[PDB]
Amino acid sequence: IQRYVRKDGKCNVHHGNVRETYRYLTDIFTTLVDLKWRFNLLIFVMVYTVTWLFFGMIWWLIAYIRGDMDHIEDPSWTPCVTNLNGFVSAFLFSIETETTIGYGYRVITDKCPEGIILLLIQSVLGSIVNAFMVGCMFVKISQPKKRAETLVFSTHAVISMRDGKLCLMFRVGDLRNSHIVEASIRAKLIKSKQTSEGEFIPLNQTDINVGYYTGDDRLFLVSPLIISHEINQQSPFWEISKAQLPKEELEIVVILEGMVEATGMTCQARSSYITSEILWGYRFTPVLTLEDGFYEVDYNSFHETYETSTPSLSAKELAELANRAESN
């Protein structure tokens, strides 16, 4: 069985037999900005070209219906647009007006009522197309998920004693000098199970306590923080000894959410720990040192761990043995 989430945060999941694809067009905006730049840069170019054409032919049709084509050199009659020499000239005008470059070689004149209301309709719809594409671009340029790129998770998780309690720990970092606002950490245990009743539940999610009851899950994340899950009665890890752990088949998905200081927008950084990435009996190497009026983070030690003396017993047995020690 392969992991549900990769160490970089992408999920190993494919959505198949989605029969209502009608839905992807119902929010087209979302499908567009979700697309790869290649697809956006293409569509943008296509959308622009078809608008110039679709109006360039309408500019040519009205030019043909009015009878401007017939005489192209007479004093008395003036066409809707001066200088429209053929099949392509209307295309340049259609651009001069929608991009509003309007070189003024191709100029509108009074003769057709049909012309004025078109230039109007164009300019109006010329704003609606241009906006949509710019809008679409800005969003895609400014989307938060990119910030996740500079949010890092320690490569392993560790289990070791902390003031009498066995803790599952992982370390988290923000590489930017800016802040993740309303930052918070949650974590899900993913492992298959079967209920007494027989129901096999493929990749069952159960939330792991990492501060939610005390609000310690609400981070102030400048220098890297070790996030710590205390293995108590309620922990999924309560009955797991050093010796059992490798035989367990589970995955902890670790999820960091907050807002990009600059754009108020919320991002989500993810990582994952499969059973072979949890080191029993280890500790995270310090990364902080105080040099001349600033705290210096040595990211060379960010992922680094070291072994310490640690019980091999499950937290449950540790407790039981301690409660009897007290009780003697």
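Residues carry their position along the shown sequence, with the first being 1.
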For the stretches 107-115 and 143-151, which has the higher mean C-alpha B-factor as given in the deposited record? 107-115
State which stretch shows the higher mean Cα B factor in the entry: 274-282 or 27-35. 27-35
When the entry's CA B-factors for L225, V210, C136, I121 are compared, the highest one belongs to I121
Highest recorded Cα temperature factor - choice among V287, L290, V260, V45: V45
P236: CA temperature factor from the record, placed by chain third, in the lowest
Rank-wise, by C-alpha B-factor, drop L250 into the lowest, middle or highest third of its chain. lowest
Splitting the chain's C-alpha B-factors into thirds, which one does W77 fall into? highest
If you rank the chain by CA B-factor, which third does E98 end up in: lowest, middle or highest? highest
Taking the C-alpha B-factors as the PDB entry records them, is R162 in the lowest, middle or highest third of its chain? lowest
